[PDB]
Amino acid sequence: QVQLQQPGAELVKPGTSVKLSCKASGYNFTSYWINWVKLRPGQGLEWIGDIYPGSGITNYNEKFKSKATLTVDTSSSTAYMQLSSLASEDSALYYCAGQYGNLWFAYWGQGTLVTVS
């Protein structure tokens, strides 16, 4: 049923940029918020921001304001996150999670491990 699909890994070069994808499946993409979190092992889980696909409004952790840009493609039901000026500190696991049933992190993707060389 409801499910989020992200590519499993991304090999990036420092200084460049990357756009992570999150494709929503069995539900009204337009009706729920999409969350993006970062997981550096041993360095905790971090909320990056939200985006409501039906309006485009976003909420950012002011800690990731100048780093991540959340966008969506209403046509393909895909949520996007672009990371700029990739640095080694950006190497982490990135999940997108959707809200559902009145809960903000109800469904999770399997994550995209980003390794910047």
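Just count from 1 along the sequence shown to find any residue number.
J.: Going by the mean C-alpha B-factor recorded in the entry, which is higher: 16-24 or 99-107?
T.: So the stretch with the higher mean C-alpha B-factor is 99-107.
J.: Compare the mean C-alpha B-factor of 32-40 with that of 61-69 as given in the PDB entry, and name the stretch with the higher value.
T.: That would be 61-69.
J.: According to the deposited entry, which of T112, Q1, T115, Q5 has the largest Cα B-factor?
T.: Highest C-alpha B-factor among the listed residues goes to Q1.
J.: Using the entry's values, work out which of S85, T74, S88, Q82 has the largest Cα B factor.
T.: When the deposited C-alpha B-factors of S85, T74, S88, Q82 are compared, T74 is largest.
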